[PDB]
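J.: 3D, please:
(one chain, ligands or ions: 3)
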Amino acid sequence: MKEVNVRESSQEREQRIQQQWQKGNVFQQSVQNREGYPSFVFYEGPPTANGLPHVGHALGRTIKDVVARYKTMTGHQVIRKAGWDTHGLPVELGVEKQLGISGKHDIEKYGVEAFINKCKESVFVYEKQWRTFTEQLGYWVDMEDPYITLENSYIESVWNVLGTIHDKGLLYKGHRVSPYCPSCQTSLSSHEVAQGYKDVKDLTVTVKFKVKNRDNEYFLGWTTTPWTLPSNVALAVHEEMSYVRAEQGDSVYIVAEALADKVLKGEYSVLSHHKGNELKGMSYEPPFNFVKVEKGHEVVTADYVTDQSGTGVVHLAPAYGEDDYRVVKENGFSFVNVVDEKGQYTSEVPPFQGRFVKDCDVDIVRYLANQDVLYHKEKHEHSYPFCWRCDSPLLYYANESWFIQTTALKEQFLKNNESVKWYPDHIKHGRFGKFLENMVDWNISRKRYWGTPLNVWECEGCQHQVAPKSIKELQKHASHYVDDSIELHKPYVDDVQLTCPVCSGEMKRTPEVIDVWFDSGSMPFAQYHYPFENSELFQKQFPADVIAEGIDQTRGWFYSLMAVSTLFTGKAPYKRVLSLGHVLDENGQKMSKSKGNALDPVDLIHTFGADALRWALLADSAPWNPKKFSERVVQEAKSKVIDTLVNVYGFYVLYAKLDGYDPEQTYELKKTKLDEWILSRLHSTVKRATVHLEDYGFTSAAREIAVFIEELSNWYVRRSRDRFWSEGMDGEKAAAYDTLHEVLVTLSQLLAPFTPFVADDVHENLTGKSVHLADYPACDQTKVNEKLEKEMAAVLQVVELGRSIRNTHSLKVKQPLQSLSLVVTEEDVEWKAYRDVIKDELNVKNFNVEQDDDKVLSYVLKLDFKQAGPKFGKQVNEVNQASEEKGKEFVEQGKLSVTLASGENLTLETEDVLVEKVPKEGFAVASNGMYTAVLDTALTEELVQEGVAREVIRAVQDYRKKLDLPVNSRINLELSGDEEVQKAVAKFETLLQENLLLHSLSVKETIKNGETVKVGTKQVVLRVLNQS
Ligand SMILES: C/C(=C\C(=O)OCCCCCCCCC(=O)O)C[C@@H]1OC[C@H](C[C@@H]2O[C@H]2[C@@H](C)[C@H](C)O)[C@@H](O)[C@H]1O
Ligand SMILES: [Zn+2]
Ligand SMILES: [Zn+2]
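T.: Residues are numbered from 1 along each chain as shown. Ligands and ions are numbered 1, 2, ... in the order given. Structure data below:
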């Protein structure tokens, strides 16, 4: 065993262990040694090296590493794989911001290829910081062998999945309506929309839609957006609502019965009543007829039509509203869109072509009035959403896009989710399950340059679609040569055309790339270039036994993994999900870039060590409970767990080497109750931490281990130091070494998944072998002694009571007191087996176990005027409750009743008496639960003297340490002090001789070149010197 510097910094210890791991090839050995054992599989959600790692990564990688180490130690082979998610809109946006250009014209003016190369360059800028973070956190993985989503082989596997999906007919071109900025040409989120409202005055109109082949009858439709009127496709009514034919002069208007008084201006006669279902299929004339709608201009019924707004008859334009889109499609009516991506009318609306639609509202209302189809108009004051980024007005707009018809497999999604164990449980049928229940199809295409190209080619002749699954298929179908080296990115693949298998015309690739969530959801198949290679490795690494990422992946990676795998294989790609809460600052605010309140994990590792950071990320709350993180939280883990272990470990190594202890020898062993207690607690801890870890309960396993470490240091080691300091090697000393040796070996194994650096420092020094090649320890049931555990815990309650009495009266522990006395009802605990440990801990001369109070307390008895409500003889209970007083009170305490005689009669008291235990002169009392402790706080000259001598001893031990003297050396000591110090030292000379290693001790009047130290509040000069 090498010596231990308990003051060695964490950074130095962890770098030393890291060097052992490289020298011993320990990570790779930990995997090879499990060749043949069952496989345990985990997937990491691939991060990106265009940003620095943050404490969110540190939380998730600590949890994955704990699981991997634990499953390795319990008999599994755990292959570790990392990857980089390199496509993704932020990459492209960062290059646009760096170059100062945007939009298709400027990027192509710049050169697509050159633009693509900047994106490539931007994604690994922080690779070196990622390597340092990964290594220093102790997250074992080969960073020379990542998968990378921009590599051809990765992309080729993604194309293979997409082509398989296309084969099933599940990949289609469609439209989806969303809030949309016509200036930025992008769809905004609800949160983005909520940020940008603004108040406006515009026009709403009630429009006449003439009924075909009737005399002067019209549906009336109300709208807030006149510019959608040239694109009318249908009128919707509610099946069950009541409608009237209302006559006004020469015309008849059809509106809802309940809205007619509001919507019609002036009086009307009701000609007839109709349910909306009777209006279904009625043909009408639209207000404009230049846009072609092949199927439409009829009334349809739809449940969302209400009696609370408009006329009850709703104009539908399917490209400018989500309900409009759905209802038109439900009825098999034509989809039309007469507005371009800039919010401008196309050539399909000739009189307004090229103008921004909202700018045309006034001109359309003038046209309606000029054409006699405007029934009513009014000024409208309301709030309208604008673009935070340019305050252009927003629009409801349908872009054309590619979709995967995931809804076609909704039932398989739900079945696969049912097979997953979620942590916490409620995510399964809550956040995640409800997202599945409300599934819409996956909008897969993106109109940008950097990303996985969507591998769909369309014939310019007949629009037939071919989707190459591979480079070989691309080359086979291409109408020209395609080199083996073709890069699967834009623009290279846009220059490849195929021969249409239907008509032999030219096929051109659709221009879009795919959603980055599809790349990362494809990682179970693409990470190993499946099915082109590695089919055995893939099958062994599918599905994952566990993943662990933030709960924000509910609609992200958790969903894209499930969706890609369900589409491709039908199967769930993971068996369990550990969800993580986003880390908070000490104020409970989420850590974010903009606020500057994040704590860098590499900073925290440098200050406190990775063991302490990992512990702080695992302890005191579950992974899915957001942590209020601070440096103080890491410091507490370092002090309570890391440093405490290191100090116990260094104590063992120091004394084992001094005494030449060797676990290989057989010694005569007399084990004490303390030895048996800590070995029992150790195996109880093994048992309980294992159960928790089997269920992924790191928090409770951490808690169990921390309690053990505290008991080990604060009770077992503290109350056994005398056996280690002893001269010789009797049976009780050998038992101490034997016991603490086993404790440290087993505890370092237990800790190995949590705190892998210090665990291996302890284990390798004691055993010569890396802890990370060990098996997780087994509980030895024969060393579990629940009776001893329950006994020692009662002993600890009494120690706590004694200490609290001392603290209450400011009586230092070094100051001996005459006695502690304990009064117990039950003969529950064998107190004589722990008397010496109790007297040592509490520094009392006598420990008395009492069944009674008599010698210790007197009882004062009052009547309880609150409970003695009935008894009207309060003058009698006053005199009856006012030597003989001591005898009568002790009598009523034990018997729990009382019989006092009034002025003539006798009454029977019970629970109507308030009792006061008054400590006798010089005693102080405290109680909890079953136990009452009474401390004799009376100091005497001789007790005070002995305390002074105990403080001299401790001052000498401290000074020897400050001089860095070995603990086994004998010294010549000079001491100078006041007359009380001189006299205490002479009187307790043999106590000093027995507790200090001394060649001589000279009390001198004055000392040359001594050092002044504190003995209590006294100043004493000490000198250590040489003498022949
Ligand atoms: C718990 C989380 C963040 C957190 O706790 O963040 C707290 C710290 C944020 C502070 C940022 C500011 C740092 C710099 C500064 O000071 O300015 C969320 C998790 O993040 C980690 C992982 C990210 C992977 O990419 C996701 C993959 C799965 C997907 C395919 O893309 C993932 O598990 C994610 O769910
Ligand atoms: Zn905008
Ligand atoms: Zn064709």
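J.: show me the contacts for residue 25.
T.: Applying Cβ atoms under 8 Å, 6 or more residues apart in numbering to residue 25 gives no contacts. For every residue, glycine as well, the C-beta is placed using N, CA and C.
J.: buried ones in the strand or helix carrying residue 654?
T.: Using DSSP states H and E, residue 654 sits within helix 644-658. The neighbour-count check on helix 644-658 (16 or more other Cβ atoms under 10 Å) flags 644, 645, 646, 648, 649, 650, 651, 652, 653, 654, 655, 656 as buried.
J.: that helix packs against which elements?
T.: Applying 3 or more Cβ pairs under 8 Å, 6 or more residues apart in numbering; DSSP states H and E, we find helix 644-658 packed against helix 698-711, helix 721-725, helix 731-751, helix 756-767.
J.: at 6 Å what do you get?
T.: Under the contact criterion of 3 or more Cβ pairs under 6 Å, 6 or more residues apart in numbering; DSSP states H and E, helix 644-658 touches no helix or strand at all.
J.: okay, angle between it and helix 698-711 too, please.
T.: Inter-element angle recorded for helix 644-658 and helix 698-711: 40 degrees (by axes from the mean of the first three to the mean of the last three Cα atoms, to 10 degrees).
J.: and the next element down the chain from helix 644-658?
T.: Of the helices and strands lying after helix 644-658 in sequence (DSSP H and E), the nearest is helix 673-694.
J.: write out the residues of the chain neighbouring ligand 2.
T.: Proximity of the chain to ligand 2, by Cβ under 5 Å from the ion, involves residues 181, 183, 184, 387, 389, 390, 392.
J.: give me the nearest residue to the second one, chain neighbours excluded.
T.: Sequence neighbours aside, residue 392 is the residue nearest to residue 183 in space, at 3.9 Å (criterion: Cβ to Cβ, 6 or more residues apart in numbering).
J.: that neighbour is in contact with residue 180, isn't it?
T.: No: counting by Cβ atoms under 6 Å, residue 392 does not reach residue 180; the two are 10.1 Å apart.
J.: which residues does residue 200 contact?
T.: Residue 200 makes contacts with residue 384, as judged by Cβ atoms under 6 Å, 6 or more residues apart in numbering.
J.: where does it fall, secondary structure wise?
T.: Using DSSP H and E, residue 200 falls in strand 197-210.
J.: which of the residues in that strand are buried?
T.: Residues of strand 197-210 classed as buried: 202, 203, 204, 205, 206, 207, 208, 209, 210 (neighbour count, 16+ other Cβ under 10 Å).
J.: stretch 584-591 too?
T.: Applying 16+ other Cβ under 10 Å to stretch 584-591 flags 584, 585, 591 as buried.
J.: wait, doesn't the last one sit right on residue 598?
T.: Right, the one you point to is residue 591. Yes: with contact defined as Cβ under 6 Å, residue 591 and residue 598 form a contacting pair (4.2 Å).
J.: ok so, going back, so between residue 392 and residue 180, which is more surrounded?
T.: When neighbours are counted by other Cβ atoms under 10 Å, residue 392 and residue 180 differ, and residue 180 comes out ahead with 21 against 16.
J.: in the sheet, who's paired with the closest residue to that one other than its chain neighbours?
T.: Distances taken as Cβ to Cβ, 6+ apart put residue 397 closest to residue 180, at 3.7 Å, once the chain neighbours are dropped. Taking DSSP bridges as the rule, residue 397 bridges to residue 178.
J.: again, but for the one 4 residues further on
T.: Each beta-bridge partner of residue 401 is listed here, defined by DSSP bridges: residue 174.
J.: quick one: neighbours of it, just the number.
T.: Close neighbours of residue 401, defined as other Cβ under 10 Å, add up to 19.
J.: separation between it and ligand 1?
T.: According to Cβ to the nearest ligand atom, to the nearest Å, residue 401 and ligand 1 sit 22 Å apart.
J.: right, and that residue touches residue 442 too?
T.: No: using Cβ under 6 Å as the test, residue 401 is too far from residue 442 to be in contact (10.3 Å).
J.: quick check: residue 127 touching residue 48?
T.: No: using Cβ under 6 Å, residue 127 is not in contact with residue 48, being 10.6 Å away.
J.: which one of these two is surrounded by more residues?
T.: Higher neighbour count among residue 127 and residue 48: residue 48, with 20 against 13, using other Cβ under 10 Å.
J.: spell out which parts of the protein neighbour ligand 3.
T.: For the chain, the residues in contact with ligand 3 (Cβ under 5 Å from the ion) are 459, 461, 462, 464, 500, 502, 503, 505.
J.: quick one: the helices in the stretch 201-350 of the chain, in order.
T.: Applying DSSP state H, counting those that start in this stretch to the stretch 201-350 of the chain gives helices spanning 260-263, 276-279, 322-330.
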